[PDB]
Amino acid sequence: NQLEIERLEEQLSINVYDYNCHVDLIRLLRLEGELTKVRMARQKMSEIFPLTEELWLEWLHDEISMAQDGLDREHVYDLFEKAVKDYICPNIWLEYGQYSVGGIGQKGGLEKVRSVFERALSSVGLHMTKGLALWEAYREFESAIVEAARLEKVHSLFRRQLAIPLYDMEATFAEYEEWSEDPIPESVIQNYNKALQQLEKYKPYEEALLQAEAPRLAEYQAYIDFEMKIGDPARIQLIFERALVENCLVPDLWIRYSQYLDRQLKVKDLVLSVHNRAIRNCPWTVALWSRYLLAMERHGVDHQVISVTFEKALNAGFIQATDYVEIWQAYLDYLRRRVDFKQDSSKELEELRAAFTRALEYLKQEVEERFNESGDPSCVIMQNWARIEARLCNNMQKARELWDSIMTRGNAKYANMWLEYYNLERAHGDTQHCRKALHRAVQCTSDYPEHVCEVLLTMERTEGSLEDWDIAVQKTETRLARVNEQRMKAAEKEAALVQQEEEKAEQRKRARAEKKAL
């Protein structure tokens, strides 16, 4: 049996991203009874993958069976704390509540049990199908500690629940009437009726969810669309989380959720936790990383931790080269917003300039090596560096050095490219340099040459000397003449190929053998 464990152990050392291998290794260590090794393998899997409810539960059950010390109780609590983070988990919460009851009597045991049930209810108390079990477990505990006056607390739990649309809530209203010696107040009956109307209202979606199987993403989306029209922040979070349990590998769903959080709730601890979980579920999508870095910046996360997050993004592994420029650009935009441009020379500015160099080299080395295509064809990073360096810093010279480099890459043929450079020179350079840029455009542009000529003639018309206008008409006339010659000649060749294909089709008319022997 140990032979097979060693096989799995080495298979993980070659590739640690084999989820099923981790699962197989743990099941075997657990069988062999290696207790410190199972926990070690479980801590190592959990740091890499978010774990499903069933995997957390077996781990929780195992630590609980062996906890034999008051300290191990504390350790089990720490584990429960880890488990609730990955996805919504009504059974884990229920297990946490029931377990925490065992520490009653100790200094904070009564308060602790109330703390976890209350936390459970905030997370899963509105859950149509699995929320009810939590309310019932909470009430049962409260009634078990008191006989005559804490009764107000048990009342409150009955009243809190009956204002919420849950399944079999009807049996809970009846259970409450019998229990209560005091009459059920009119306000409670009205909150219950409105909760029943909500229950009838959400019933078709819950049923569509039930009849559909499985992950039932389309039915989840319809539900989410519905809850957003209604607009209860608490219900919208719930329905997102419910959907994300079965569809955690659908990045657009994470985007949708995090986007709602980033625009509406705007609660730091919540939005960032959700971004992080998106990252653990779908590391391969760059938008998730760039949106994470955005959220960290909006909420004043320390620069060091934002930076270390970015470094993790570079190591996630993406499928496209374009993906790597996107992550670099998000980080670069972030570094750019940290600089005070009102004053040269900022330490932050040198950090920015250092980052740009690093990005271009990273694009030159790592991405080019793996994909064998540059990840930035139109050199958009260099363009941004150039724009910044010329408009925000008084360093037009660096902008020029950059642009000469952008153009050498066969980018010299694009009208829009020359114009991007021209406009940069028109704003922060001199007229002499616009003219040289424009004279170059005319010489090099291959897609829309008439366009760049018009731009050159317009500049000379408005700002140049008569010699300048005359040189401009000469260069443009000459250039356009050459263009029209090749355009016209190539049309001669296509017309010549059509005539060759007509004389080929000609021989086929005069040679039509209706009978074939071969």
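Heads up: residue numbers just count along the shown sequence, starting at 1.
- With 381 to 389 and 192 to 200 compared on mean CA B-factor from the PDB entry, the stretch scoring higher is 192 to 200.
- Higher mean CA B-factor, judged across 53 to 61 and 487 to 495 from the recorded values: 487 to 495.
- In the deposited coordinates, the residue among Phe80, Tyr257, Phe371, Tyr422 with the greatest CA B-factor is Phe371.
- Taking the deposited Cα B-factors for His127, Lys364, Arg400, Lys266, the highest one is held by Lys364.
- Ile26 sits in the lowest third of its chain by CA B factor, as recorded in the PDB entry.
- In the deposited entry, the Cα temperature factor of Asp468 sits in the bottom third of values across the chain's modelled residues.
- Sort the modelled residues of the chain by CA B factor and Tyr167 lands in the highest third.
- In the deposited entry, the Cα temperature factor of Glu477 places it in the lowest third of its chain's modelled residues.
- Ranked against the other modelled residues of its chain, the C-alpha B-factor of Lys229 as given in the entry falls in the middle third.
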